[PDB]
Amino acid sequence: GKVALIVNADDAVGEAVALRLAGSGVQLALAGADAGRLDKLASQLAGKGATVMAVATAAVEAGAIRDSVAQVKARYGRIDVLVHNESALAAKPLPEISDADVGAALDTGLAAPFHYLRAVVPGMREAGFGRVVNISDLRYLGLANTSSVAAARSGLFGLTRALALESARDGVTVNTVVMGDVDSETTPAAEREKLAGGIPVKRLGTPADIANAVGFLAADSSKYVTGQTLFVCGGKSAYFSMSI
C-alpha cells in the first residue's frame, strides 16, 4: 500500500520503472507529456493488476506541476515515492546553442524536477517517510557538444544532495540513478556495436537495468542510503574523473 509518482513515465525507462514498482505492490501515478502513451501504459499496468492513475502534462512551470501533484494526492492521500525520469534534451555544439536553448534545457532538465521536489518533499517530511529518485545521465559530467544538456543535468547533483541533507531527519531519502547508454530500438545497429564496444560489460543497458536500481533506492529498507549518485552504466562511468 505504498504510493509512487513517476514523472515522465511515457518512455521505455518510465515503463520499466512502473513495472518494477507495481511488482512490489506499489500504487502508481504516472505523469507524462504523451497522454496517449500514458493511457496505453496505464491500461497495460491495470491489465496486469496494478493500482494506477495517469496524468498528462508537458509542463515546466511550477504551478502546473503543483497541480499535477495535487491530483495524485487527492486520489491516494500521500506520495511515498517520487521518481523523476529525465525529459529528452538535445546536445549540440556550442555554436548551435541559442538563447532559448539554454533556458529550455534548464526549465525541463533542472527547474521542472526542482518544482516537483518542492511540491512533494514537504509532504514526505510531514509523514516521516519519503523516497526520491532522480534519473539523470552521463552528460551531467560534461562532454564535448553537450554543454546545454550538461549544465541542466549537472544542477541535479548539488540539488539532490542539498535536499537529502535537509530532509534526512524526517525519514526521507533523495538519490540519483545516472543512466549510461541504454538501448532504444531506434539507434542504428552499427551504433549498438559501436557503443557496446566502449562499455566494459560490452553491452548496452536496458530499461530494466535502470528500474532495478530505482527500485532498490525506493525500497522501504534503503533508509540509510541517501545523497547517492549511483551510475547504471556497464562501467563506462569508471572512465570519468569525479564520478566517485
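Sequential numbering from 1, following the sequence displayed.
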(message) I need to verify one thing: averaged over C-alpha atoms only, is the B-factor higher for 138-146 or for 107-115?
(response) 107-115
(request) Tell me which of 45-53 and 182-190 has the higher mean C-alpha B-factor in the deposited entry. (result) 182-190
(request) Determine which member of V201, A208, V214, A31 has the highest CA B-factor, using the values in the deposited entry. (result) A31
(request) Just say lowest, middle or highest third for the CA B-factor of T229 relative to the other modelled residues in its chain. (result) lowest
(message) Ranking every modelled residue in this chain by its Cα temperature factor as given in the entry, which third contains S24?
(response) highest
(request) Rank-wise, by C-alpha B-factor, drop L5 into the lowest, middle or highest third of its chain. (result) middle
(request) Quick one: classify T160 as lowest, middle or highest third of the chain based on its Cα B-factor. (result) lowest
(request) Divide the modelled residues of the chain into thirds by Cα B-factor and specify which third, lowest, middle or highest, holds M124. (result) highest
